[PDB]
Amino acid sequence: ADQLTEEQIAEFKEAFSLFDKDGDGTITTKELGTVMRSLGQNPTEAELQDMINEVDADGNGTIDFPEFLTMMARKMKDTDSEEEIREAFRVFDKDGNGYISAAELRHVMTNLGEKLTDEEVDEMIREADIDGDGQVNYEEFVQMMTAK
Amino acid sequence: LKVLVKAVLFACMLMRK
């Protein structure tokens with residue numbers, strides 16, 4: 001229902017640099033599972049190549065930036081995309097306090113192999129908290145996808 | 001949250017496949 005613009009396009013190319021630590025425009029099989037080990041799952045060689053061949057345009061175990069935008073905009077057109085957001089909420093809000101707590105958000109950042117301060121966490125709240133409750137809800141979370 | 005929100009949606013669609 002909602003379409004992305006050149007502005008939203010800059011966040012994607014910018015979002016691609018997290019999975020593309022090489023700077024060539026590829027998300028290799030080993031880079032995707034590195035994301036899998038920080039999520040709390042065991043990555044297998046059968047799964048790694050299986051996930052890639054879904055978007056992989058070349059077919060060598062790497063995902064490119066043109067078709068990466070192809071996967072998100074596809075299932076985002078069924079409007080039943082509410083079941084997919086429940087997935088982002090469980091990764092952020094682990095104990096389901098109904099919203100996203102600062103204590104759990106930190107662990108997600110620290111589990112990625114990085115060290116951040118609480119001062120930055122306040123920035124996420126002003127960015128997603130409408131009434132400024134200090135935590136992130138799913139309802140606001142839904143609207144956060146169409147935010148520029 | 002705006003950038004790190006798009007990264008989680010991609011891993012959830014490739015993991016449930």
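Here the Cβ is made from the backbone with ideal geometry for all residues, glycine too, and neighbour counts use every protein chain on show. Just so it is clear, none of the values below were taken in a lab; they were calculated from the coordinates.
What to note about this one:
- Selection of the stretch A:22-38 for residues being touching a strand residue (DSSP E or B) at 6+ places or on another chain (Cβ under 9 Å) and among the polar types (S, T, N, Q) yields A:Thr26, A:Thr28, A:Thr29.
- Filter pass, A:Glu54 being loosely packed, with under 15 Cβ neighbours inside 10 Å, touching a helix residue (DSSP H, G or I) at 6+ places or on another chain (Cβ under 6 Å) and of a type in the set (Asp, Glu): no
- If the condition is being within 15 Å of the chain's Cα centre (by Cα), aliphatic (A, V, I, L, M) and facing chain B (nearest Cβ under 8 Å), then the stretch A:36-76 contributes A:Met36, A:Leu39, A:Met71, A:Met72.
- Output for the stretch A:57-71, where each listed residue is in a helix (DSSP H, G or I) and either touching a residue at least 60 places away in the same chain (Cβ under 8 Å) or more than 16 Å from A:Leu4 (Cβ to Cβ) (or both): A:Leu69
- Residue among A:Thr62, A:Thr28 that is surrounded by 13 or more Cβ atoms within 10 Å (Cβ to Cβ) and closer than 16 Å to B:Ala7 by Cα: A:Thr28
- Tally of residues being in contact with a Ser or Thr (Cβ under 9 Å, 6 or more places away or on another chain) and either of a type in the set (D, E, K, R) or within 10 Å of another protein chain (Cβ to nearest Cβ) (or both) across the stretch A:107-131: 2
So that you can scan it fast, the table gives a plain yes or no per residue for (1) in a strand (DSSP E or B); (2) touching a residue at least 12 places away in the same chain (Cβ under 8 Å); (3) among the charged types (D, E, K, R):
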site: A:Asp95; (1), (2), (3): no, no, yes
site: A:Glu104; (1), (2), (3): no, yes, yes
site: A:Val108; (1), (2), (3): no, yes, no
site: A:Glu120; (1), (2), (3): no, no, yes
site: A:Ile130; (1), (2), (3): no, no, no
site: A:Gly134; (1), (2), (3): no, yes, no
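- Only a single item in (1) surrounded by 15 or more Cβ atoms within 10 Å (Cβ to Cβ); (2) under 13 Å from B:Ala7 (Cα atoms) is not met by A:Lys13, and it is number (1).
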